[PDB]
């Protein structure tokens, strides 16, 4: 059903509101959404981003501090989604081939939004994330 990590570490039991853009819009995500997103993160991302780290480039982690230091900041659903569709360097000036680009054939919009939600929520509230 719902993952206990989402219960325990993300502190979500029903729903949660997350920033979609820099404009002021939010989107509601359920606990099952964040559970699905956690699973997608395990299948596609965790091997390089264990615990919110970035093993092949420790300065550019998935911590909220590091996401907010990116150009543009990677602290919203829309900016995280846009990033995975075409990964970029930290200053955003060059294409990066070190992280995993995800096509719409691989993850649909809905799926990638759950992944971004899991990462954004974990960045905001999970103990130890990005350490």
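Numbering follows the first chain given and starts at 1.
*Asks:* Mean CA temperature factor from the deposited coordinates, higher in 16 to 24 or in 107 to 115?
*Replies:* Result: 16 to 24.
*Asks:* Of the two stretches 29 to 37 and 86 to 94, which shows the higher Cα B-factor on average in the entry?
*Replies:* So the stretch with the higher mean C-alpha B-factor is 86 to 94.
*Asks:* Going by the recorded CA B-factors, say which third of the chain residue 124 sits in, lowest, middle or highest.
*Replies:* Its C-alpha B-factor, which the entry lists for residue 124, ranks in the middle third among residues of this chain.
*Asks:* Using the B-factors in the PDB entry, rank residue 79's C-alpha atom against the chain and give the third, lowest, middle or highest.
*Replies:* Within its chain, residue 79 is a middle-third residue by C-alpha B-factor, going by the deposited values.
*Asks:* Which third, lowest, middle or highest, does the C-alpha temperature factor of residue 58 belong to within its own chain?
*Replies:* Middle third.
*Asks:* In terms of the CA temperature factor given in the entry, to which third of its chain does residue 73 belong: lowest, middle or highest?
*Replies:* Residue 73: CA B-factor falls in the highest third of its chain.
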